[PDB]
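S.K.: My structure is below; once you've seen it, I'll send some questions.
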Amino acid sequence: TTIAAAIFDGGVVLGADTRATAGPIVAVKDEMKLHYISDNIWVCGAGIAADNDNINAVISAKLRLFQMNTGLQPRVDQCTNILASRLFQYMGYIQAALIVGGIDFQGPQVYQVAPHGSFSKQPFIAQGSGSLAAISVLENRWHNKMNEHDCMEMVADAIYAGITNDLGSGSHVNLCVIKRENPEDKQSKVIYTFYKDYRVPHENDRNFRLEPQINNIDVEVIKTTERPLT
Amino acid sequence: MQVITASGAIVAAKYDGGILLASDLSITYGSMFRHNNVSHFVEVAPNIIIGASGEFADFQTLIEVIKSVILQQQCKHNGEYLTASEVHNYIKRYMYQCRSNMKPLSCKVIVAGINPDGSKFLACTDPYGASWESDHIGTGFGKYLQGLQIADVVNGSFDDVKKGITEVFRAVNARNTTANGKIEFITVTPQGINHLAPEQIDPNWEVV
Amino acid sequence: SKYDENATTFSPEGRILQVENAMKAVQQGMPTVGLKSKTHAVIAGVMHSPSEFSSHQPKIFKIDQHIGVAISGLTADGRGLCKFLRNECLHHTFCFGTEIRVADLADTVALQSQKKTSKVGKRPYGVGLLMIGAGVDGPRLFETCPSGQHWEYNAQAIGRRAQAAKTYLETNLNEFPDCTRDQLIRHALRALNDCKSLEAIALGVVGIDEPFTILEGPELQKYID
Amino acid sequence: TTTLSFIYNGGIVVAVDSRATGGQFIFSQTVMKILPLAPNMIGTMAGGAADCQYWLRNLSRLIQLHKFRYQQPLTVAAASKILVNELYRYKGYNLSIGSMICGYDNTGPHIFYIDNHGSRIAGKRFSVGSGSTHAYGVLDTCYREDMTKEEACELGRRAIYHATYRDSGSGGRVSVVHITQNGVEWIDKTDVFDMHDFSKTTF
Amino acid sequence: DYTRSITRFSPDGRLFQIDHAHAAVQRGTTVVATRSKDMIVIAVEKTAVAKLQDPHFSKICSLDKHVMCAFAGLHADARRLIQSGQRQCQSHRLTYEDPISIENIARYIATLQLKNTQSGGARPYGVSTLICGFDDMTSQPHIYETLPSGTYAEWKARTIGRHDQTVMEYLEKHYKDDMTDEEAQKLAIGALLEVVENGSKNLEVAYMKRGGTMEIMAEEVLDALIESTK
Amino acid sequence: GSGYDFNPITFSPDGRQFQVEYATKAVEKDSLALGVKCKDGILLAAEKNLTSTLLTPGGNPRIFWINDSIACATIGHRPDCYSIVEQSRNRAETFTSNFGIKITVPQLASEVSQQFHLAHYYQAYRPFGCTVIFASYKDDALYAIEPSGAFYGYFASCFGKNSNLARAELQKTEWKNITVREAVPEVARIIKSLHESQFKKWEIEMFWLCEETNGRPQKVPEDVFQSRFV
Amino acid sequence: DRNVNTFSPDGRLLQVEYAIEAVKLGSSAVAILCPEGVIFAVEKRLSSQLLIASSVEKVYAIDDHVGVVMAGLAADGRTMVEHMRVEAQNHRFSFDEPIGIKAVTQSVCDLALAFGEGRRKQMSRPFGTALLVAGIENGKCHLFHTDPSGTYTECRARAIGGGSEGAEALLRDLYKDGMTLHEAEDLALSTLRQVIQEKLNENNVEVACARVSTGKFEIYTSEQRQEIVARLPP
Amino acid sequence: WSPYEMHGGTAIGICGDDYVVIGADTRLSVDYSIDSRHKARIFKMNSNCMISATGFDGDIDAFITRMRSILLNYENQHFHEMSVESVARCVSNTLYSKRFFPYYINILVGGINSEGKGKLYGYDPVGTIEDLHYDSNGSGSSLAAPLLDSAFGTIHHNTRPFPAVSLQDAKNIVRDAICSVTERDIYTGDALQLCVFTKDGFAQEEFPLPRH
Amino acid sequence: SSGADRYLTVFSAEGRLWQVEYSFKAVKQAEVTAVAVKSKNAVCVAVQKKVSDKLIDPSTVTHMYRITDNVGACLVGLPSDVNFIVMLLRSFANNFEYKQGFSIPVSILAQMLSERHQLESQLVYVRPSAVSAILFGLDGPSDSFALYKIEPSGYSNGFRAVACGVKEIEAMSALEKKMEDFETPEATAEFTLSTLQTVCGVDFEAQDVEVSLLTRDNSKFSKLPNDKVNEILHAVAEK
Ligand SMILES: *C(=O)[C@]1([C@@H](O)[C@@H]2C=CCCC2)NC(=O)[C@@H]2CCO[C@@]21C
């Protein structure tokens with residue numbers, strides 16, 4: 001896995017590869033590792049896919065219930081505190097290395113949350129197996145108050161670096177750009193644009209396939225029964 | 001049972017006027033000399049001092065427990081403190097409780113005090129909860145680097161017991177890695193607890 | 001009357017009528033007398049014999065080596081309080097290794113009775129305890145009440161016909177501090193005799209060095225004169 | 001340890017050694033490995049000494065409680081069942097109980113092998129202990145149904161003696177008990193030192 | 001939990017709640033349990049709409065293969081008693097491997113009723129139970145009557161429910177010390193008929209033979225015995 | 001009058017807590033105890049109208065230790081008085097366990113007023129018919145908690161019978177201008193002036209927390225002021 | 001009032017007094033202590049001849065040495081005797097000795113007054129049964145009386161049940177400290193017969209002896225009850 | 001982490017016709033270090049019996065406190081001091097109550113029963129009870145047991161009557177056996193506490209032993 | 001079970017929670033009135049500080065409490081209930097800060113207090129806490145001032161201006177009849193103290209009123225020292 005969220009001038013760009021491996025085998029080639037938390041907060045997670053999915057769903061439910069009861073926009077530090085407390089109370093057994101990326105009244109905030117509950121506000125973060133290959137790009141191409149497009153390209157290139165250099169990472173680069181609908185208006189609605197398959201590396205696609213599929217296995221049917229679908 | 005932030009050796013010995021306890025004022029983090037001027041003894045009552053060799057975190061937790069219980073019994077008794085025997089019995093029962101809960105206080109705790117009847121009471125409770133009352137108790141390397149230097153002068157004059165404890169702690173400073181700094185002396189007498197000036201007990205360094 | 005519903009209900013006058021009913025239940029117990037000298041403490045009482053051929057129900061109990069209590073009221077509640085006090089003495093002789101002070105036992109039993117009177121669904125103990133102890137605190141006598149309070153006394157009488165015993169104790173109050181063990185026991189028996197309606201009177205005597213002991217029947221004959 | 005109990009036409013003969021030994025040292029040679037449970041029921045002690053003694057006196061308490069609660073006394077099957085259920089509730093606590101519940105009830109003689117593990121095996125011939133294999137060899141080789149009381153008691157005594165000889169864990173004195181309809185009878189405690197025949201040169 | 005001490009003493013010394021539970025019993029259907037040297041017989045009268053309901057809801061229950069059980073009173077309190085009694089029979093088998101003594105199980109049912117008389121927030125069982133059966137440990141058929149008060153007494157022939165006094169008088173008059181099994185059947189059937197103006201279509205008769213299970217009398221044999229008694 | 005006076009949590013149609021008012025009546029029945037903050041310390045004086053001459057001289061305390069720096073004068077229902085004393089000791093011990101430092105009379109009073117209020121706020125409790133005056137020189141605090149749970153810091157507090165006149169007399173002195181040793185005669189004169197003639201034998205249980213006591217609670221020594229009167 | 005653990009303005013637990021009344025509504029029972037043994041004679045109320053008398057046993061053997069006879073509510077007495085049996089077997093298990101008569105009496109009494117109401121989850125009402133606990137302890141027969149209040153008293157002679165007061169009045173001038181067990185049985189059966197409303201018979205009476213010579217509490221069989229009723233003056 | 005200190009020290013009990021002589025070394029010591037040269041391990045439980053515990057001293061103190069608590073409870077609830085046989089059963093049950101967290105102490109309950117006869121009961125840490133004429137516990141149990149076997153021959157011939165050894169002879173046997181153990185067992189040493197329970201009550205003697 | 005509708009918090013035959021209304025009257029029993037005014041630039045809460053006896057240390061006779069640094073609470077009601085509510089609002093705030101990681105907003109604190117007052121008005125074994133609570137502060141997420149009132153019923157609302165206590169009806173009437181979108185914090189403070197003074201019908205001194213004026217500058221809660229209170233009172237006595 002390669003997940004990387006950075007903070008650009010107008011918002012946050014989160015990114016994730018789409019490769020879930022069931023050991024040394026690529027179980028999923030379109031895996032969704034960017035989890036919607038709230039309209040302003042997205043978490044891209046690594047570690048155990050079940051743990052990441054469930055904890056992101058649970059915290060998204062908590063913050064949706066929060067925004068409903070209280071009418072308040074969930075805060076990125078609030079989401080990060082909830083995530084860190086939950087991961088600490090499970091003593092790292094919920095292997096969800098998360099990167100929270102959102103925009104609240106404090107501006108664009110990217111937090112890391114380790115599976116053991118250790119969080120940290122950082123401008124750019126990379127987690128997962130390819131986290132190092134990604135963070136190199138993030139280390140070299142992130143600067144204060146970069147525009148949306150440069151941060152998008154940097155985070156996509158960091159996810160691509162994780163994809164190519166790391167075996168646990170691969171397939172496509174899904175991005176999610178949290179940004180204010182009116183960047184000049186700091187009080188404008190925080191919207192998100194999810195770029196599914198933002199990068200689709202052509203050198204990483206299936207380049208060959210038998211047009212006449214050769215098969216010498218013959219199916220012998222012991223018994224057939226047809227039953228209505230209602 | 002694990003010792004990290006450890007208090008060094010303690011040598012307590014009864015002399016004519018009371019109990020003389022010596023120990024360095026240094027807490028060692030593993031082997032590092034981390035903290036200085038940290039007394040290993042805590043005056044829990046006007047005539048009851050409590051020291052401990054071993055983990056000093058477990059001795060601060062034990063002192064919290066002791067002070068809370070003494071405060072309970074003092075509020076009950078309108079100012080009257082627990083006796084040295086009662087305080088040591090509570091420490092024995094709480095350290096055995098901790099050992100029985102499998103979370104032992106990894107500190108050998110010396111209770112030195114004058115009971116209201118005037119009899120010197122010096123007792124020790126090891127991390128496991130085994131307690132014993134004795135006229136002289138060494139804990140840590142003060143137990144090991146002792147010999148007959150205390151036993152021969154125990155219950156003797158203050159000068160003789162002080163010299164014996166000084167010999168033992170010269171041995172400790174020479175041959176204990178965790179022995180760092182001045183050796184504080186505390187006299188628990190029926191007239192109160194007096195912290196004598198800490199003394200640098202130098203090993204004989206003409207050996208080289 | 002209408003506010004005599006629970007031990008948790010205050011009457012418009014500030015009185016807990018169920019607490020007062022329990023106090024009367026104590027006042028309906030057999031005459032109990034307690035005395036306190038500078039060296040010894042004594043509790044005595046005419047034990048109750050429900051039937052002619054039934055023995056006199058024990059009234060004096062030994063809580064600890066130097067602590068005893070004379071119950072007045074529901075003897076079952078008295079036994080429950082004796083169990084509680086013995087547990088407290090055993091947890092003070094476990095935590096501290098010495099004998100608890102009868103003052104601390106009075107505090108604990110008062111606290112328990114008050115918790116009985118402060119929470120609904122509980123009744124005040126229908127028994128009053130004359131506790132005598134001896135220790136570093138000296139000899140001390142405490143009359144614990146159902147309401148949840150203990151009154152320290154040099155002498156005291158409770159139960160039925162206890163006004164005559166109280167009058168005797170008031171007359172001889174200044175004698176008690178210097179009275180010896182034998183003289184304090186004699187004063188106890190002669191304060192009970194004024195309440196007579198011996199083989200009924202049981203007397204527990206304790207001293208600073210003397211452990212609490214219960215004398216009954218002919219054993220007390222030597223203390224009559 | 002070595003305890004044996006067998007049902008012959010005349011009753012139940014229960015013979016037990018008296019050795020308690022841990023490792024090499026013989027902690028005792030006068031250990032009583034037969035604990036009475038009912039007037040006509042006993043329970044043998046093998047394996048852990050404390051466990052067997054506590055649980056057999058607890059079973060005696062439960063049998064007395066049942067007999068006083070209900071006029072009918074607790075049977076040997078019911079008693080062994082109580083014991084085995086209690087011991088099985090402590091599975092995984094490293095209890096060590098080997099115990100033959102030998103009694104005469106309304107349905108006749110009954111021996112139930114009870115173990116810490118919860119096994120409750122009815123049978124007419126059991127032996128529990130380190131030397132129980134030797135007692136089993138002597139029993140199964142010399143056991144008859146029509147043995148007199150003396151013959152059956154001597155069979156149990158000699159089986160325990162051979163177990164004590166061939167096992168370091170068995171020794172002391174053979175406590176022999178004869179259980180009949182009438183009730184438990186304690187035959188005698190025979191020192192295995194006296195049972196050994198020193199005129200033999202083979203053992 | 002709720003503890004309102006439903007059952008309390010009255011100034012005259014009576015547990016009025018036990019009186020009311022007895023009233024509930026006395027409004028229940030009549031039950032008549034009689035015994036012989038080798039067979040027990042229970043006859044419960046049944047009030048029902050023969051044309052509109054199934055008469056298969058029986059007051060006679062089988063706590064175990066050797067414990068037969070009938071009741072008079074609230075059918076739900078009786079169902080709870082029978083369920084607990086069956087559980088106790090199986091638990092006695094678990095704990096002892098021996099069939100629960102009829103005295104033992106009757107004591108258990110009476111102790112259930114008694115605990116309801118003693119437990120705060122618990123309404124005394126408005127049911128009087130006839131626990132009958134056979135003990136191999138005693139070689140005697142037993143018929144215990146457990147009351148709502150929690151008192152159980154063995155009887156040679158006992159009746160509960162409505163008309164219990166008339167049926168008791170009939171039992172006392174027509175009881176033989178050494179009845180045969182068919183004589184016990186005749187006594188129970190006649191005692192129930194003394195208050196019932198209907199034949200097999202109303203009565204329900206079960207029985208337990210020595211070392212046997214509970215067998216419900218047929219509607220043919222029952223009618224034959226009814227006619228023979230008359 | 002109306003039925004709103006039985007349940008402590010019940011509010012009278014005028015908003016009155018009748019059970020709390022009756023607890024306050026219980027306080028007002030008791031002999032007055034007072035406290036005054038002085039230059040050198042705080043002096044708590046409790047009038048003990050000895051019901052019997054047999055009561056131990058100097059026994060039956062009304063001023064209690066709560067902490068090595070906090071004393072507690074008590075007025076009202078003596079069972080409730082000592083219950084609150086022990087609950088204050090437990091609250092101080094729990095405060096030390098949770099926070100390490102020794103509790104202060106303001107927050108000790110808040111924590112004990114929490115129990116006072118719970119008594120008449122949740123059902124199943126009786127309001128404490130006791131007013132507790134916590135004094136601490138080391139905290140320069142004299143906080144009196146009332147039966148309702150209302151607690152106020154006082155320059156000079158007093159509760160019990162003739163408490164209004166006692167407060168009016170305490171008002172005549174600027175207590176902080178003087179020390180405890182010269183405050184003792186003034187408070188003693190106040191109570192003696194208000195002492196009722198009906199009570200022949202009585203005592204003035206004075207305690208002080210001062211520099212002379214090193215801030216520790218201590219009964220005023222008999223030589224300084226013989227507490228016992230006739 | 002209206003709650004079980006309430007004290008009357010006279011200082012009495014109302015439920016306790018009402019349980020005493022319930023005991024006064026129970027079958028009579030006379031316990032006569034003599035140096036040879038303690039003898040219970042109990043009225044077995046038989047509403048019918050079909051009632052198995054052995055099953056309405058008002059006498060219960062708590063242990064080999066100690067027994068108990070009830071008066072009042074037979075079910076509450078069953079709870080009390082069950083507790084006493086468990087206590088006696090626990091005492092034998094814990095101290096390898098028969099439980100003292102006073103000890104088991106005190107245990108059941110402590111159980112007696114533990115009733116409560118109004119607190120979250122205990123018995124809800126006092127035991128409506130008074131027990132005459134008797135047994136052999138250290139080669140001596142001890143007779144104790146427990147009533148619903150939880151108070152127990154050692155007794156040389158005692159009566160519980162409907163005829164309790166009349167039985168005690170009859171025992172006034174009939175009971176002596178040196179009677180033989182023969183005389184104790186005769187006195188117990190005579191007092192019971194006097195305080196019951198039916199002619200005494202072996203089937204409507206239950207007799208039991210805590211016998212010092214045997215050191216055991218046995219319950220008399222029909223033959224022994226006949227052997228006693230035959231000797232009576234009537 | 002092992003919650004026991006495995007303290008050494010020997011206790012030798014000898015039951016007589018009318019006495020019980022338990023001699024235990026005072027020394028408290030484990031791992032070549034003597035925590036306390038004097039640390040009494042025989043305690044007068046009541047006027048009927050004494051308990052001698054050898055092993056972990058924390059467990060000795062805890063078990064002796066529990067036994068004193070239970071004997072006080074028995075005196076309060078059963079109105080007489082617990083007998084030596086009752087104390088023995090209580091010791092067995094108390095030790096077994098911790099069957100899964102055993103007191104690592106070997107117990108000798110020596111007392112005088114209602115018959116006036118001496119009663120010694122030997123124990124293992126998990127609560128095995130055994131009515132014994134003699135027993136040895138602690139570090140020098142293996143050393144001391146042959147001494148008692150030779151003195152009495154009970155192990156050599158189990159079924160023969162236990163020899164009528166006088167009170168003073170049994171005290172001398174315990175002293176000599178404790179001295180031999182002290183000579184051989186390093187943990188045994190310092191002072192011998194020789195307690196004797198007789199009809200006259202609990203008597204105690206302190207004899208020096210080799211400190212080394 | 002009939003008859004509990006007036007003594008317990010269950011609905012009456014006419015559908016009213018009589019105990020809740022009686023808790024409102026118990027709030028009236030506080031003998032003190034609070035007026036809070038909220039403006040775009042500040043929120044000022046003035047509550048009369050009536051010390052009945054001057055033997056009492058006035059610093060302890062307070063109806064204004066620090067729930068958090070940013071959130072204050074002017075609580076009018078039974079003093080015991082007021083202390084319970086300060087401890088329960090502080091507990092709410094601490095639990096919220098421990099879970100969510102940030103200081104509790106005034107709106108969420110008002111919701112939690114309303115939930116507690118609903119558990120009081122529903123659980124018949126819990127007395128309705130007789131405290132009319134004026135929670136106020138500067139919410140960071142909106143960087144705007146929040147002013148909520150939670151009545152003993154739990155009926156919680158956000159207010160431009162609110163009032164509690166004996167003159168609650170008259171104070172609210174005066175507030176609504178004179179509310180303005182003030183342009184300065186000191187005009188909000190002047191209006192607050194003027195409305196409180198007018199409804200209480202007595203001239204105020206700093207000794208006789210606790211005023212907390214949370215501005216955009218001083219967002220953190222603090223009761224104004226007597227100097228600023230006297231200055232505002234003089235400004236209110238100008239006209
Ligand atoms: C990524 O860390 C990874 C993915 O399965 C990932 C898990 C969390 C989000 C969903 C998809 N976790 C793994 O266990 C493998 C090992 C290498 O990294 C994975 C692909």
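Note on naming: chains are A, B, ... as they come in the structure tokens, residues start from 1 per chain, ligands start from 1 in the order shown.
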Quick one: residues within 10 Å of ligand 1, with only C-alpha atoms and all ligand atoms, as a ChimeraX atom specification?

M.R.: /A:1-3,16-35,44-53,95-98,127-131,166-170

S.K.: Could you make a table, as JSON lines, of the residues of chain H that have an atom within 8 Å of an atom of chain C, each with its nearest atom pair and distance in Å to one decimal, counting only C-alpha atoms, in chain and number order?

M.R.:
{"residue": "H:65", "atom": "CA", "partner": "C:94", "partner_atom": "CA", "distance": 6.9}
{"residue": "H:69", "atom": "CA", "partner": "C:90", "partner_atom": "CA", "distance": 6.4}
{"residue": "H:73", "atom": "CA", "partner": "C:86", "partner_atom": "CA", "distance": 7.9}
{"residue": "H:76", "atom": "CA", "partner": "C:62", "partner_atom": "CA", "distance": 7.6}

S.K.: To one decimal place in Å, what is the distance between CA of residue 114 in chain E and CA of residue 64 in chain D?

M.R.: 23.9 Å

S.K.: Find the residues around range 173-180 of chain B up to 6 Å (only C-alpha atoms counted), leave out those fewer than 6 positions away in its own chain, and share them as a VMD selection string.

M.R.: chain B and resid 8 26 203

S.K.: What does the file look like for those residues with N, CA, C and O atoms, as an mmCIF file, in the first residue's frame?

M.R.:
data_model
loop_
_atom_site.group_PDB
_atom_site.id
_atom_site.type_symbol
_atom_site.label_atom_id
_atom_site.label_comp_id
_atom_site.auth_asym_id
_atom_site.auth_seq_id
_atom_site.Cartn_x
_atom_site.Cartn_y
_atom_site.Cartn_z
ATOM 1 N N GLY B 8 19.633 3.547 45.063
ATOM 2 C CA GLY B 8 20.788 2.754 45.435
ATOM 3 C C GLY B 8 20.679 2.037 46.766
ATOM 4 O O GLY B 8 19.582 1.852 47.298
ATOM 5 N N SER B 26 20.973 9.546 44.973
ATOM 6 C CA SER B 26 21.038 9.415 43.526
ATOM 7 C C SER B 26 20.133 8.295 43.050
ATOM 8 O O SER B 26 20.202 7.175 43.563
ATOM 9 N N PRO B 203 36.056 5.948 48.614
ATOM 10 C CA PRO B 203 36.861 4.726 48.678
ATOM 11 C C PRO B 203 38.342 5.053 48.764
ATOM 12 O O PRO B 203 38.796 6.110 48.320
#

S.K.: I want to know what sits within 12 Å of residue 170 in chain I, based on only C-alpha atoms, with residues of the same chain fewer than 3 positions away left out; could you give that as a PDB file with N, CA and C atoms, in the first residue's frame?

M.R.:
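Final output, saved to around29.pdb:
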ATOM      1  N   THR I  33     -31.519  37.517  39.214  1.00  0.00           N
ATOM      2  CA  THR I  33     -31.838  37.605  37.796  1.00  0.00           C
ATOM      3  C   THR I  33     -30.562  37.722  36.975  1.00  0.00           C
ATOM      4  N   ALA I  34     -30.538  37.014  35.849  1.00  0.00           N
ATOM      5  CA  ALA I  34     -29.461  37.069  34.876  1.00  0.00           C
ATOM      6  C   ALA I  34     -29.994  37.593  33.551  1.00  0.00           C
ATOM      7  N   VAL I  35     -29.202  38.432  32.890  1.00  0.00           N
ATOM      8  CA  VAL I  35     -29.489  38.920  31.548  1.00  0.00           C
ATOM      9  C   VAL I  35     -28.223  38.752  30.726  1.00  0.00           C
ATOM     10  N   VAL I 162     -30.944  36.635  26.139  1.00  0.00           N
ATOM     11  CA  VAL I 162     -31.718  35.737  26.983  1.00  0.00           C
ATOM     12  C   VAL I 162     -31.721  36.284  28.406  1.00  0.00           C
ATOM     13  N   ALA I 163     -32.637  35.763  29.219  1.00  0.00           N
ATOM     14  CA  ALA I 163     -32.714  36.142  30.618  1.00  0.00           C
ATOM     15  C   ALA I 163     -33.212  34.967  31.444  1.00  0.00           C
ATOM     16  N   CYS I 164     -32.774  34.929  32.699  1.00  0.00           N
ATOM     17  CA  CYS I 164     -33.167  33.905  33.654  1.00  0.00           C
ATOM     18  C   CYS I 164     -33.445  34.555  35.002  1.00  0.00           C
ATOM     19  N   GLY I 165     -34.161  33.840  35.856  1.00  0.00           N
ATOM     20  CA  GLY I 165     -34.360  34.256  37.229  1.00  0.00           C
ATOM     21  C   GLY I 165     -35.749  34.797  37.500  1.00  0.00           C
ATOM     22  N   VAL I 166     -35.836  35.625  38.546  1.00  0.00           N
ATOM     23  CA  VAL I 166     -37.137  36.072  39.037  1.00  0.00           C
ATOM     24  C   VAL I 166     -37.813  36.983  38.022  1.00  0.00           C
ATOM     25  N   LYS I 167     -37.042  37.852  37.370  1.00  0.00           N
ATOM     26  CA  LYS I 167     -37.564  38.779  36.376  1.00  0.00           C
ATOM     27  C   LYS I 167     -37.355  38.265  34.958  1.00  0.00           C
ATOM     28  N   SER I 173     -38.803  40.438  27.965  1.00  0.00           N
ATOM     29  CA  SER I 173     -39.617  41.437  27.281  1.00  0.00           C
ATOM     30  C   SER I 173     -38.808  42.694  26.989  1.00  0.00           C
ATOM     31  N   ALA I 174     -38.075  43.191  27.989  1.00  0.00           N
ATOM     32  CA  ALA I 174     -37.256  44.381  27.783  1.00  0.00           C
ATOM     33  C   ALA I 174     -36.170  44.130  26.745  1.00  0.00           C
ATOM     34  N   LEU I 175     -35.552  42.947  26.785  1.00  0.00           N
ATOM     35  CA  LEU I 175     -34.509  42.613  25.824  1.00  0.00           C
ATOM     36  C   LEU I 175     -35.053  42.633  24.404  1.00  0.00           C
ATOM     37  N   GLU I 176     -36.163  41.930  24.166  1.00  0.00           N
ATOM     38  CA  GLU I 176     -36.707  41.871  22.812  1.00  0.00           C
ATOM     39  C   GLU I 176     -37.211  43.238  22.360  1.00  0.00           C
ATOM     40  N   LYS I 177     -37.815  44.010  23.268  1.00  0.00           N
ATOM     41  CA  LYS I 177     -38.268  45.353  22.929  1.00  0.00           C
ATOM     42  C   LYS I 177     -37.125  46.346  22.762  1.00  0.00           C
ATOM     43  N   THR I 195     -30.570  46.578  30.981  1.00  0.00           N
ATOM     44  CA  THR I 195     -31.763  45.743  31.054  1.00  0.00           C
ATOM     45  C   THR I 195     -31.867  45.057  32.409  1.00  0.00           C
ATOM     46  N   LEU I 196     -30.754  44.503  32.901  1.00  0.00           N
ATOM     47  CA  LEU I 196     -30.776  43.848  34.204  1.00  0.00           C
ATOM     48  C   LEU I 196     -31.161  44.831  35.307  1.00  0.00           C
ATOM     49  N   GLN I 197     -30.571  46.027  35.284  1.00  0.00           N
ATOM     50  CA  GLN I 197     -30.865  47.037  36.292  1.00  0.00           C
ATOM     51  C   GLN I 197     -32.321  47.474  36.231  1.00  0.00           C
ATOM     52  N   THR I 198     -32.842  47.698  35.022  1.00  0.00           N
ATOM     53  CA  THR I 198     -34.216  48.160  34.876  1.00  0.00           C
ATOM     54  C   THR I 198     -35.203  47.111  35.369  1.00  0.00           C
ATOM     55  N   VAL I 199     -34.997  45.850  34.985  1.00  0.00           N
ATOM     56  CA  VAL I 199     -35.935  44.809  35.395  1.00  0.00           C
ATOM     57  C   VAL I 199     -35.828  44.541  36.893  1.00  0.00           C
ATOM     58  N   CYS I 200     -34.617  44.609  37.453  1.00  0.00           N
ATOM     59  CA  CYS I 200     -34.476  44.451  38.894  1.00  0.00           C
ATOM     60  C   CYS I 200     -34.935  45.679  39.669  1.00  0.00           C
ATOM     61  N   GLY I 201     -35.140  46.809  38.995  1.00  0.00           N
ATOM     62  CA  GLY I 201     -35.695  47.991  39.636  1.00  0.00           C
ATOM     63  C   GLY I 201     -34.865  48.548  40.769  1.00  0.00           C
TER      64      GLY I 201
END

S.K.: With only C-alpha atoms as the counted atoms, please give the residues lying no more than 6 Å from residue 173 in chain D, apart from itself and same-chain residues fewer than 2 positions off, as a VMD selection string.

M.R.: chain D and resid 17 to 18 189 to 192

S.K.: I need the chosen residues saved as a compact mmCIF listing (two decimals), in the first residue's frame, with C-alpha atoms.

M.R.:
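This is the output file out_21.txt:
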# COMPACT_ATOMS: atom_id res chain seq x y z
CA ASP D 17 0.20 -47.87 49.39
CA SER D 18 1.13 -45.07 51.79
CA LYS D 189 -2.21 -51.64 57.37
CA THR D 190 0.51 -54.13 56.41
CA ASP D 191 4.09 -52.91 56.06
CA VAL D 192 5.31 -53.96 52.61

S.K.: Please identify which residues in chain H DSSP calls strand (DSSP E or B) from the backbone, and express them as JSON, numbers by chain.

M.R.: {"H": [10, 11, 12, 13, 14, 15, 19, 20, 21, 22, 23, 24, 25, 28, 29, 30, 33, 34, 35, 36, 42, 43, 44, 49, 50, 51, 52, 53, 54, 55, 105, 106, 107, 108, 109, 110, 111, 112, 118, 119, 120, 121, 122, 123, 129, 130, 131, 132, 134, 135, 136, 137, 138, 191, 192, 193, 194, 195, 196, 197, 198, 201, 202, 203, 204, 205, 206, 207, 208]}

S.K.: Mind pulling up the distance from CA of residue 133 in chain A to CA of residue 88 in chain A?

M.R.: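 Rounded to one decimal, the two atoms are 27.2 Å apart.
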